[PDB]
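The opening position of the sequence shown corresponds to residue 165 in this note's numbering, with each subsequent residue numbered one higher.
What follows is a set of notes on a single structure, which appears directly below.
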Amino acid sequence: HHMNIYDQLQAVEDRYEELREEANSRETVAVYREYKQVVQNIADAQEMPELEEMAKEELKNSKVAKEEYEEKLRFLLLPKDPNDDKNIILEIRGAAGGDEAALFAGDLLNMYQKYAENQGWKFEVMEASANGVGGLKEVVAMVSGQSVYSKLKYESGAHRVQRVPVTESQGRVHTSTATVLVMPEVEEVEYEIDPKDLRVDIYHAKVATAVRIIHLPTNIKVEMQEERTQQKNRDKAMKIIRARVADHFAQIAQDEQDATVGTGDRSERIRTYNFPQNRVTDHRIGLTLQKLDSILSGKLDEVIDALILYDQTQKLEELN
């Protein structure tokens, strides 16, 4: 089968019309079907006094969209990370910088919360830990919807802020860091953990309802107390340990297979947010945009689509 991109996509659509792998195809067929609609629209415009000038504009517009879709299509048939279509657990922690680092963690949380709104996703904050002066020591959230990991997977790492603290009178720019970790949601079914490998402490932050679970082989610990029942706190804690433990080991297995955009090191500064310059830079793909205001407000697609494209270009080239 020495078949080209269009053959492959037509083969997908035919397999789609034959058809739980229908959802796997859904997004691709709608893109190819829309590309075929554009190609018809160009043929239509070529058949259609100032109406001639009108249709010539419509043709140019159609032709330009074909170029845009052509670029889209090449990457559609790439092999997907099977986690791409998963919901994710999101964690943000103020790291270096003090109060300013906790503020920025809050800024990031707001950004993802606004982005998640934009994307039509559900954003549950599962637990969060404030510093009692407007700052976020850490937060863990779950983000759910269509292919959430496929879009947020690149947020894992150290996010540097440079800004003049509101407390600062002398115009000095303080640099801080908040860390972000994004991990796919792992179903109990998919990743079983022997209770022998768990310590579950139940304690009062009446029935004690605060729950600490420590996965003993890794010393991964989670503490949940927000909920009114032990069961609720246990279950939340367990979703998070499962994710963290599966991620722990997926990371070692990635590391064994050395010899992906960025390093894959999650302590690496991946991004810098400079307030004075209204700048966001993503250090992995040499991208700087003077759009920090709108990025922090949740308009993060331009940045994410850049990363996706960089990765897809990488993956496509190495597939030669």
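Cβ atoms here follow ideal geometry from the backbone N, Cα and C, with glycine treated the same way.
Helix, strand or coil: which one does DSSP assign to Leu460? helix
So is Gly270 buried or exposed if we call it buried at 16+ other beta carbons inside 10 Å? buried
Between the C-alpha atoms of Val467 and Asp446, what's the straight-line distance to the nearest angstrom? 8 Å
Whole-angstrom C-beta distance between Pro440 and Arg324, which should lie under 8 Å: So it is not a contact: roughly 13 Å between Cβ atoms.
Note down, one range per segment and in chain order, each alpha helix (DSSP H) of at least 4 residues found wholly within the stretch 254 to 286. 263 to 282
Note the first and the last residue of the continuous beta strand (DSSP E) segment covering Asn438. 433 to 438
Three CB pairs or more closer than 8 Å across the stretch 416 to 429 and the stretch 389 to 398: no
Would you list the one or two residues that DSSP bridges to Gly321? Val344
Does the count of Cβ pairs from the stretch 256 to 271 and the stretch 292 to 310 closer than 8 Å reach three? yes
Kindly say whether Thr424, judged by its beta-carbon, lies nearer than 8 Å to any beta-carbon of chain D. The chain inventory of the structure shown lacks chain D, comprising one protein chain alone.
Strand pairing of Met290, partner residues [DSSP]: Answer is none; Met290 lacks a bridge partner.
Three or more beta-carbon pairs under 8 Å between the stretch 219 to 230 and the stretch 457 to 467, yes or no? no
Chain-order list of residues whose beta-carbon lies under 8 Å from that of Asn251 (same chain, five-residue window excluded): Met306, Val307, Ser308, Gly309, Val312, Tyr313, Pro348, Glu349
Expected contact under 8 Å - CB spacing of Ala322 and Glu432 to nearest Å: 6 Å
My assumption, with CB atoms under 8 Å, is that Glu291 sits in contact with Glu390. Please give the rounded CB distance. 5 Å
Measure the CB-CB distance between residue 112 and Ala407 and report whether it falls below 8 Å. Given a span of 165 to 484 for the chain in the structure shown, any question on residue 112 remains unanswerable.
Indicate the three-state DSSP secondary structure (helix, strand or coil) for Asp446 in the structure shown. strand
Near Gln476, what residues of its chain come up, given a Cβ to Cβ distance below 7 Å and the 5 sequence neighbours on each side ignored? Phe239, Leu242
Identify the continuous alpha helix (DSSP H) that holds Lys385 and give its terminal residues. Per DSSP, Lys385 belongs to no alpha helix (DSSP H); it is in the beta strand (DSSP E), 384 to 388.
Compare the Cα-Cα distances from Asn205 to each of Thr192, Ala194, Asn225 and report the closest residue. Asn225
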